[PDB]
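> This one's a deposited entry, sequence included:
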Amino acid sequence: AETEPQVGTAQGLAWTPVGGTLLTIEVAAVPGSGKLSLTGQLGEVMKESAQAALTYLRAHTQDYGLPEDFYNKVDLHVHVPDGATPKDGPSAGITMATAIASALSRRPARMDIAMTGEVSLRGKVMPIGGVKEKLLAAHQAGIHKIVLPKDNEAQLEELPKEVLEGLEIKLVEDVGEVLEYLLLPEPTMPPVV
Amino acid sequence: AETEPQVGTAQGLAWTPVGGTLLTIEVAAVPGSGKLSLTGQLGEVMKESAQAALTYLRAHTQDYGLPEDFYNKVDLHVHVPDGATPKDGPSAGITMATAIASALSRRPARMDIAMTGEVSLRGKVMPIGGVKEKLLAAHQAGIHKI
């Protein structure tokens, strides 16, 4: 795991058949015409998950301190390292929302909280599959604060208790809970516009 | 190894299942209104590496003397000779950043220094593979600073 709060960078959990792992989404909000380049070898499901999260943020601009016309002025670029790693799936729905909001809002995203979860269009955090292996890989790297869907509450009764005595699980249902649990309430950099 | 510092050119290291092989990255910065043509039969990952390096340089224009607006004033063009070598993998990413910044800054890059390395979007240099054959082929062409 990384250690420090970064700006427009979100820590997230992945899943394989060889054991789950971490993956960070880092995005950039550079000035431009307004489009959405989605590099880092992503499947179309994760691209649509990105467009859904971005559509939710376009529908709420006065809540989270975002600039207003970031749809025809800000040329977003979503990059999921590393290359040559086919990565896709709707599971990184909350991660991309936090990353995009931290980048557009100039407020950092504290990297010592792993997260997961699928975002709707109304802002309705939906359940996922495979919570256990994501949690174990989160605990290996030394992270001790989790974000998870409220619907994922029956999935937690298969971990060891020695794992469960460390990990303090948050169980959210909507987006604004995560967006106020992962942001420092302070802008740092000058904005894009 | 070309001796003189070239403008818009970066010596690079790639490897095939023959052994190591030098690559140069010629880059032209010709006027237009903001495009990105990636010729020379590049793979997809290598194009994405070029896009990542340009996004990093768009984020950090004041650091290197890059122009004040070049997302919509300059059509860049990145050629990787020769034209019958299919090339892929994310290994060359910091050579693309070197070539693009030298072309956009007009400061000639050194050609007596080989390089390799994958690039992030924050700017981190992430580790790559095949160091052995790349440094052997950098030596046999008479390059001594890696």
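That came through fine. Numbers count the residues shown, from 1 in each chain, chains lettered A, B, ... in the order given.
> What does whatever residue of chain A ends up closest to chain B show for phi and psi?
Relative to chain B, the nearest point of chain A is residue A:83 (3.8 Å; Cβ to the nearest Cβ). (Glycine included, C-beta is placed from N, CA and C.) Backbone torsions for residue A:83, taken as degrees, to the nearest 10, come to phi -70, psi 170.
> Next, the contact list for it, please.
By Cβ atoms under 8 Å, 6 or more residues apart in numbering or on different chains, the contact set of residue A:83 is A:40-41, B:45, B:48-49, B:90, B:118.
> excluding its backbone neighbours, what's nearest it?
Of all residues beyond its chain neighbours, the one nearest residue A:83 is residue B:90 (3.8 Å), with distances taken as Cβ to Cβ, 6 or more residues apart in numbering or on different chains.
> still on that earlier bit, farthest-separated two in the contacts of residue A:83?
Farthest apart among the contacts of residue A:83 by Cβ to Cβ are A:41 and B:118. That separation is 12.8 Å.
> ok, longest helix in chain A?
helix A:44-58 (DSSP state H).
> Can I get the helix or strand that it is followed by in CSV, CA atoms only?
The helix or strand immediately downstream of helix A:44-58 is strand A:74-79, counting by DSSP states H and E. Written as CSV, here are the backbone C-alpha positions of strand A:74-79 (Å, rounded to 0.1, in the frame of the first residue of the first chain):
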residue,chain,number,x,y,z
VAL,A,74,-11.9,19.7,-18.8
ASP,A,75,-10.4,16.9,-20.8
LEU,A,76,-10.4,14.0,-18.3
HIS,A,77,-8.0,11.2,-18.6
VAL,A,78,-8.4,8.0,-16.7
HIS,A,79,-5.4,5.7,-16.4
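> buried stuff in the longest helix of chain A?
A:46, A:49-50, A:52-54, A:56-57 (16 or more other Cβ atoms under 10 Å in any protein chain shown).
> Residues touching that helix, excluding its own?
By Cβ under 8 Å, 6+ apart, the list of residues contacting helix A:44-58 reads A:36, A:38, A:42, A:64, A:66, A:70-71, A:76, A:78, A:87-90, A:92-93, A:96-97, A:100-101, A:104, A:118-123, A:175.
> mind listing what residue A:10 touches?
Per Cβ under 8 Å, 6+ apart, neighbours of residue A:10: A:24-26, A:95-96, A:98-99, A:102, A:109, A:111, A:115, A:182.
> swap in residue A:67?
A:61, A:73-74, A:104, A:191-193.
> quick revisit: pull out the buried residues from the contacts of helix A:44-58.
Buried, going by 16+ other Cβ under 10 Å: A:38, A:42, A:64, A:66, A:70, A:76, A:78, A:87, A:89, A:92-93, A:96-97, A:100-101, A:104, A:118-119, A:123, A:175, out of those.
> Before I go, just wanted to say thanks for your time.
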